[PDB]
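Notes for the one structure printed next.
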Amino acid sequence: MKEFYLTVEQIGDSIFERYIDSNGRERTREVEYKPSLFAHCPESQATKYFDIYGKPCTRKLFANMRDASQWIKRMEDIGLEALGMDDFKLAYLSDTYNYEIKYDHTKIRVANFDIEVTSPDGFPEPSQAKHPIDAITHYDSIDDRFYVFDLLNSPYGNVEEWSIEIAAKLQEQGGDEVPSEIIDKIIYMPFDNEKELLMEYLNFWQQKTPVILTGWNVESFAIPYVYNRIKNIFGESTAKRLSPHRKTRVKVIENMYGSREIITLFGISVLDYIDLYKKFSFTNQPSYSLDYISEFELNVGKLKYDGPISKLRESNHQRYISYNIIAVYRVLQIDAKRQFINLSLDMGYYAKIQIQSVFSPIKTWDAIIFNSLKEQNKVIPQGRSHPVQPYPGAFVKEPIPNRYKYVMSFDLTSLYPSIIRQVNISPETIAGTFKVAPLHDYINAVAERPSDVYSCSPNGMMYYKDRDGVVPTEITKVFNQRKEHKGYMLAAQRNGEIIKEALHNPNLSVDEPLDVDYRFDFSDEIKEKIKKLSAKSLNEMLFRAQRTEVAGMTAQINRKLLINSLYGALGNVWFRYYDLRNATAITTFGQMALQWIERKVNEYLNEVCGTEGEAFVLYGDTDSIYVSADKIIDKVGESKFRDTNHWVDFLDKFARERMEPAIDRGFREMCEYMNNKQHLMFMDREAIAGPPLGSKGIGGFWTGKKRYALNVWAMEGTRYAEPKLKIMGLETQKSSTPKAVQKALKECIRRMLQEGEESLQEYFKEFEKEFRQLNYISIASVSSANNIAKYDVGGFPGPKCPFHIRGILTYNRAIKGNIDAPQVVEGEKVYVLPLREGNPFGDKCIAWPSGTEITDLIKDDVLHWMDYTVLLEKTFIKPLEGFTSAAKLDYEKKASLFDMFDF
Ligand SMILES: Nc1nc2c(ncn2[C@@H]2O[C@H](CO)[C@@H](O)[C@H]2O)c(=O)[nH]1
Ligand SMILES: [Cl-]
Ligand SMILES: [Cl-]
Ligand SMILES: [Cl-]
């Protein structure tokens with residue numbers, strides 16, 4: 001139709017495939033696949049196959065996959081190279097889908113679910129599944145229904161059916177406000193016991209077996225928990241029924257504290273959306289909790305509730321179930337906006353790989369390159385093992401801590417992939433080495449020019465300029481595909497307009513939507529036929545034109561990801577095409593590039609500004625420099641500017657018309673120094689920051705590498721109505737920072753940058769005065785409770801015991817056998833508050849489970865012995881002092897000679 005695959009797996013000598021057929025129905029076949037590998041062969045043996053080094057290869061076709069494996073072992077034991085794709089799944093997909101795959105998302109079943117498990121303490125262990133599962137919400141993309149399984153009787157409390165009528169009402173009516181677009185989509189099912197529930201879920205699972213299985217923390221929590229819960233109740237044979245092929249592998253992960261389990265379900269592609277989100281979204285974040293990211297994207301959040309989640313079922317079972325339903329919806333809502341599932345599908349099919357393999361750049365790119373080469377009848381190298389040898393990364397400049405009033409930043413386009421292309425860095429294009437000087441000698445163009453014949457990197461490598469590098473060529477293919485699918489996206493917008501504009505006064509005539517290609521600008525005979533169309537037709541035609549512009553969108557984003565994920569592969573020892581010298585050629589070219597243009601920008605501005613030896617470039621990171629514009633503004637006289645936009649415009653134009661062209665001369669020269677294959681170092685202006693004109697604000701400041709704040713007015717072409725605060729590494733969003741302090745610090749920073757020292761002082765005085773009337777929870781710090789027992793000594797602090805752990809210990813002694821409520825669980829977060837001397841708790845601090853109130857047993861006592869002074873000093877004043885000191889400011893007004901006079 002054509003066929004495409006859904007999932008593929010290798011079990012024994014058989015490939016197990018789930019796929020949509022010619023008729024568009026989901027099917028499953030088991031194919032005894034017959035793999036071919038390749039071996040080097042003599043000058044004479046002659047054929048169409050050659051390895052990437054141009055050495056002839058003879059093909060070996062095997063009886064089964066097991067023999068092919070034996071063969072590799074054998075080849076490699078002798079010492080012979082064993083070439084070809086040793087992951088037979090990719091070879092299967094490559095042979096079975098030997099054409100560009102087009103897929104129908106709607107035929108692919110995407111399950112999106114969430115579990116709830118009441119436990120006494122709150123945070124149940126998935127590998128143990130000790131506690132009943134008391135709510136499952138499983139959204140199905142095919143049905144577009146939410147399947148809610150609700151346990152009514154449980155040792156932790158017997159409750160009664162959730163109310164879909166209440167769920168719908170507003171807060172005021174004691175409603176949960178489950179959105180209308182959803183309410184009708186909910187298929188509620190309650191159960192008298194857990195065994196009943198699970199069995200029903202398991203069977204529901206066979207009837208609608210997910211292809212892509214997602215949700216939030218589904219890999220680390222939901223999936224193992226459900227798996228182990230069932231393994232524990234019904235035994236393993238039953239638990240394995242969560243795999244279409246009844247095959248399962250339990251992998252363990254290790255870290256500083258515990259060991260996670262991660263269940264591999266053969267026949268299913270798990271795309272945990274938190275990982276998915278982390279890896280596809282181009283913005284780092286302080287939290288990746290569902291609620292935070294939901295707030296960030298949707299502006300709404302997860303359902304609110306009273307008390308701990310560990311008590312929400314007994315206390316408010318209504319809210320509990322509605323909250324579960326919404327948690328799932330939020331993930332859907334985010335995906336409806338961000339579209340990472342489809343992006344995964346698009347990428348998966350493009351590379352011809354298990355969809356989940358979008359999490360593995362080495363795997364993804366290996367497939368892409370393997371396929372590309374296969375069609376040239378080329379043979380891929382055998383993967384060789386290598387030591388994990390660290391190597392230089394990116395240049396980061398040590399900023400001089402200070403205020404920086406006017407600032408402009410420039411960065412480099414797709415730096416690493418650009419360098420790969422410019423230098424022509426591939427395993428087979430390596431042509432030699434040169435004797436190498438220290439890096440700074442190449443930076444300053446003082447070292448002897450490396451080569452007049454080969455393309456060079458400052459790490460002392462040389463590459464051919466004639467040949468066509470496997471790698472560089474392959475990432476160019478992707479730069480082109482991106483340009484191509486933006487074409488489509490635009491022609492599909494200029495076509496949406498042509499459609500929108502005949503919709504004003506169509507004909508009432510009855511006709512059909514035209515059969516045209518929306519990727520290309522409508523011809524003339526279609527320009528007319530479109531007028532004569534009816535509303536109903538034109539309306540379909542637009543839905544189609546828009547759907548196309550969105551396929552253009554997806555495709556071009558997809559390419560950006562591939563492009564950007566390549567270098568990560570190249571520096572990974574497990575990559576087929578890894579080579580340490582190449583990884584080093586790239587990163588140290590980068591360092592040279594940034595510092596060389598750094599010097600170039602400095603020379604230019606000193607010159608152009610009359611000065612000599614001024615340091616214009618104040619900071620730099622990887623592929624972006626930060627230039628101080630103070631002397632450029634003074635050179636013109638600030639007095640000459642009508643308003644903020646006046647000076648912003650001026651710098652925009654100054655960067656565009658003078659700096660950028662100098663910058664480009666600077667890079668063309670570097671290209672020639674290194675005799676590179678082509679110039680691809682393109683640096684353009686990004687941000688324009690500074691105080692509003694005529695105000696007292698400082699514009700911005702740096703406390704050190706990656707720690708700084710700027711008041712930005714322009715980001716490339718786009719300019720902001722109100723300036724944007726660019727804050728980085730100042731911990732004004734870090735989880736530990738008390739919520740009130742987070743808002744207070746951002747405000748301080750804003751005032752410093754936009755209004756001045758006096759405004760800052762006004763606020764500091766303001767917040768200090770207000771501090772002791774705030775809710776204790778908004779001013780408490782947050783920490784993770786790691787190694788609790790390690791520092792537990794008869795209930796008292798051990799040696800080298802962290803401050804927050806001490807708080808937890810103080811807390812445990814105060815709640816020794818009570819409600820019990822609540823309990824501090826290992827690995828989880830806690831609020832932390834200091835205590836004054838001579839408190840009943842017998843220590844200088846106390847910590848309790850975050851997101852909860854302090855049990856009434858001790859709350860008021862705690863609040864009475866809070867050390868506000870220490871709290872304010874450690875959490876607020878300490879950080880603020882760091883800022884002010886760096887920016888050369890006083891947050892408290894200095895004594896004056898006129899202090900005594902009563903003006
Ligand atoms: N040309 C080529 N064929 C390969 C490679 N790896 C596996 N093959 C096999 O070659 C056939 C395609 O020519 C398929 O049956 C693959 O199984 C490779 O790296 N290059
Ligand atoms: Cl983003
Ligand atoms: Cl971009
Ligand atoms: Cl704006």
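Each answer follows from the model by the rule given with it, or from the source it names; nothing here is a laboratory result. Here the Cβ positions follow ideal geometry from the backbone for every residue, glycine too, while neighbour counts run over all protein chains shown.
Results, tabulated for the structure shown:
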item	result
Out of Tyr139, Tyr99, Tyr92, sole residue that is touching a strand residue (DSSP E or B) at 6+ places or on another chain (Cβ under 7 Å), of a type in the set (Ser, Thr, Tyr) and not assigned by CATH to the domain that holds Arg330	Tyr92
The range 702-728 residues that are in contact (Cβ under 8 Å) with a residue 12 or more places away in the chain, paired with ones that are within 13 Å of ligand 4 (Cβ to nearest atom) and of a type in the set (D, E, K, R) (beta carbon under 9 Å, 6 or more apart)	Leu710/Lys724; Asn711/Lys724; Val712/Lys724; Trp713/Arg719; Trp713/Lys724; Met715/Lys724
Residue in the range 57-72 that is touching a residue at least 12 places away in the same chain (Cβ under 8 Å), over 15 Å from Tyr33 (Cα atoms) and loosely packed, with under 14 Cβ neighbours inside 10 Å present	no
Residues (small (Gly, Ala, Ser) and over 22 Å from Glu716 (Cα atoms)) located in the range 600-625	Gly610, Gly613, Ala615
Top-ranked residue of the range 858-903 - restricted to ones that are assigned to a loop (DSSP other than H, G, I, E, B) and in contact with a helix residue (DSSP H, G or I) (Cβ under 8 Å, 6 or more places away or on another chain), ranked as farthest from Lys743 (Cα to Cα)	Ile858
Matching residues, the range 880-903, being of a type outside the set (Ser, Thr, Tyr) and either in contact with a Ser or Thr (Cβ under 8 Å, 6 or more places away or on another chain) or closer than 24 Å to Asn786 by Cα (or both)	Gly882, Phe883, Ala886, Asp890
Complete set of residues in the range 53-107 that are small (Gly, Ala, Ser) and more than 33 Å from the chain's Cα centre (by Cα)	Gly54, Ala63, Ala68, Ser69, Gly79, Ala82
Answer residue from the range 221-275, given it is outside any loop (DSSP other than H, G, I, E, B) and basic (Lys, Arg) and is surrounded by the most Cβ atoms within 10 Å (Cβ to Cβ) among those	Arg229
Check on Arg330, surrounded by fewer than 22 Cβ atoms within 10 Å (Cβ to Cβ) and in contact with a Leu (Cβ under 7 Å, 6 or more places away or on another chain)	no
When residues of the range 719-745 are limited to those that are of a type in the set (A, V, I, L, M, F, W, C) and more than 20 Å from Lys705 (Cβ to Cβ), the one nearest to ligand 2 (Cβ to nearest atom)	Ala721
Residue in the range 754-767 that is free of Cβ contacts under 8 Å to residues at least 60 places away in the same chain and assigned to a loop (DSSP other than H, G, I, E, B) present	no
Any chance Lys640 is surrounded by fewer than 16 Cβ atoms within 10 Å (Cβ to Cβ) and away from ligand 1 (no atom under 16 Å from the Cβ)	yes
Hey, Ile425 assigned to a loop (DSSP other than H, G, I, E, B), aliphatic (A, V, I, L, M) and under 30 Å from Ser695 (Cβ atoms) or not	no
Identity of the residue in the range 264-294, without any contact (Cβ under 8 Å) to a residue 24 or more places away in the chain and within 15 Å of ligand 2 (Cβ to nearest atom), that ends up nearest to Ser344 (Cα to Cα)	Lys278
Evaluation of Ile309 against (1) out of contact with any helix residue (DSSP H, G or I) (no Cβ under 8 Å at 6 or more places or on another chain); (2) over 22 Å from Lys130 (Cβ atoms); (3) aliphatic (A, V, I, L, M) (one fails), failing number	(2)
Residues of the range 102-135 satisfying the condition of being among the charged types (D, E, K, R) and in contact (Cβ under 8 Å) with a residue 12 or more places away in the chain	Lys102, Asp104, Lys107, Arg109, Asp114, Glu116, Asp121, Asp134
Exclusive hit being on the phi < 0 side of the Ramachandran plot, within 23 Å of the chain's Cα centre (by Cα) and of a type in the set (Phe, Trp, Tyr), set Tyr305, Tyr323, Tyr257, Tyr273	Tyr273
Filtered residue count, the range 445-475, keeping only those that are over 19 Å from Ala593 (Cβ atoms) and of a type in the set (S, T, N, Q)	1
Elements of type helices (runs of 4 or more DSSP H) contained in the range 468-546, each with 2 or more residues being touching a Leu at 6+ places or on another chain (Cβ under 6 Å) and within 30 Å of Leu570 (Cα to Cα)	470-491
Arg18 more than 16 Å from ligand 1 (Cβ to nearest atom) and surrounded by fewer than 13 Cβ atoms within 10 Å (Cβ to Cβ)	no
Selection status of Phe767, among the aromatic types (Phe, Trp, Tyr) and surrounded by fewer than 19 Cβ atoms within 10 Å (Cβ to Cβ)	no
Selected residue (criterion: surrounded by the fewest Cβ atoms within 10 Å (Cβ to Cβ)) from residues of the range 21-50 that are in contact (Cβ under 8 Å) with a residue 24 or more places away in the chain and away from ligand 1 (no atom under 16 Å from the Cβ)	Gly24
Strands (runs of 3 or more DSSP E) lying entirely in the range 652-747 (those with 2 or more residues that are within 16 Å of ligand 4 (Cβ to nearest atom), outside the structural domain of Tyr292 (by CATH) and crowded, with 20+ Cβ neighbours inside 10 Å)	683-689, 707-715
Whichever residue in the range 770-814 is outside the structural domain of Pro834 (by CATH) and part of a helix (DSSP H, G or I) and, among such residues, is surrounded by the most Cβ atoms within 10 Å (Cβ to Cβ)	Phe771
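So that you can scan it fast, the table gives a plain yes or no per residue for (1) within 16 Å of ligand 4 (Cβ to nearest atom); (2) closer than 28 Å to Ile475 by Cα; (3) surrounded by 20 or more Cβ atoms within 10 Å (Cβ to Cβ):
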{"position": "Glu375", "(1), (2), (3)": "no, yes, no"}
{"position": "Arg384", "(1), (2), (3)": "no, yes, no"}
{"position": "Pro401", "(1), (2), (3)": "no, no, no"}
{"position": "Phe410", "(1), (2), (3)": "no, yes, yes"}
{"position": "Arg421", "(1), (2), (3)": "no, yes, yes"}
{"position": "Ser426", "(1), (2), (3)": "no, yes, yes"}
{"position": "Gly432", "(1), (2), (3)": "no, yes, no"}
{"position": "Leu439", "(1), (2), (3)": "no, yes, no"}
